[PDB]
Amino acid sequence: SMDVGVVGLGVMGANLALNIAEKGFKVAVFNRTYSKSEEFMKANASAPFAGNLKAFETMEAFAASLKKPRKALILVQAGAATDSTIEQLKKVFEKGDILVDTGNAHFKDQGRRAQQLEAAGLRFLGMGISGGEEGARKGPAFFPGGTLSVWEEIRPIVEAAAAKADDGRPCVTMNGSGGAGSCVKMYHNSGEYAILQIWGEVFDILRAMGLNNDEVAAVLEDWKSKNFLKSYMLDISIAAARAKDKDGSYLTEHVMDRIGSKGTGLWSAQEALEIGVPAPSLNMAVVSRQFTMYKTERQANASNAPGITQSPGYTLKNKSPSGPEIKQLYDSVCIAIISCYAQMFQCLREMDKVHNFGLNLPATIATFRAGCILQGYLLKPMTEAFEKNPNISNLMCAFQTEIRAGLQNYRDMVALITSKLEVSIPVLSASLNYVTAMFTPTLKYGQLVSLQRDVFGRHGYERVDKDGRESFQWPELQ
């Protein structure tokens, strides 16, 4: 009798299964195209734990092997296929069993699937998984939401396969009801986008300033040694920059500049907008990708107006990590990244208030420390900040010191990049605005726009001295 069943042998599904197999649990496996199951069993025939790997043919056979209550991690990356798979399962399953969708769809869909199901007798759980291929095999992070009782049943299996933080804690924790887990995964992917784009801009900026791919890597490597930015994403950027083609040249130069995406980012942007929390970096991260996808249009515009974007340029006198400007960039990045995290958490906090998940923010953040793509040093003090005072106005307050120290440098660096370089910095730019705007008591432009709306729409405006709305009597303008 199998302890758990894993549905869908993808990048994640197969690695995850192994991980759980190696942890000692007997796992029934199942794929759409049985053939793949074969190839799978093949490449892993020799593993020392291949005895815990039972492959199957028919759902109905697969379902009987699992110890009641069955437990099935649906690892089929889809939207539709996930619903299709849920139907197959739902039929061959019995009252009480569990269906865990580790899927990657809108938290709103999870609220649906769950609700139908409980009324149909089966128990559901929407759970996120971050770590990628390696993370899946070695130990990712999970972000569950759903029935409180369902968690306790599954806890042993996931706590064992989760990555362990520097404090022995497994990076998994019940985040709250319904789609709470899928929401956290969504916003996680949201911050991921903003951060990857930040590194990407750094690359573009340094290249513009005269550094070649190797010299860039040395500054990333220096920044890694300074510790504050130590992160997975930083590591992969270094790999990405040093990478070389078969012909011995930098890979990056042969890469078509069009960034694909699969939606998590897009939705987080739309919901942030929906509920109304300001998250400029999260949006511009998606917009920045949209920029690339329009390769054809950009090429046409260029032809129509040759070198219109031309600037004076700025070639670096000191291409070494200790150079004055490179230190200016460093601070920029540190703050920029901090604001990305800030916005990400503010969205989550607000999302809890609105959907009432009963989210335990400091418990959730703690599970970001390893396995997931967002892992890195900064997660330590951020976890502590939210542990120390859970009702903090905003995450940036906790870093008031760091921020004061580099804010001017942040301002100078983008001022210089803007006037002198021929590079677009969507995210680095939006992030600075987030910082300046969020620490400003009175935004004057809000006074003007507020009045304007009254001029044509007669919407009225709030006053700082009275109460209620006031509407001004305006002269005709046509």
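Just count from 1 along the sequence shown to find any residue number.
The stretch with the higher mean CA B factor, choosing between 162-170 and 227-235, is 162-170.
Stretches 288-296 and 90-98 differ in mean CA B factor, with 90-98 having the higher one.
Residue set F30, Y434, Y445, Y410: peak C-alpha B-factor at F30 (per PDB entry). As recorded in the entry, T147 carries the highest CA temperature factor of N301, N283, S332, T147.
When the modelled residues of the chain are ordered by C-alpha B-factor, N394 sits in the lowest third. Sort the modelled residues of the chain by CA B factor and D83 lands in the highest third. When the modelled residues of the chain are ordered by their C-alpha B factor, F143 lands in the middle third. Among the modelled residues of its chain, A61 has a C-alpha B-factor that falls in the highest third, as given in the PDB entry.
In this PDB entry, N44 carries a Cα temperature factor that places it within the highest third of its chain's modelled residues.
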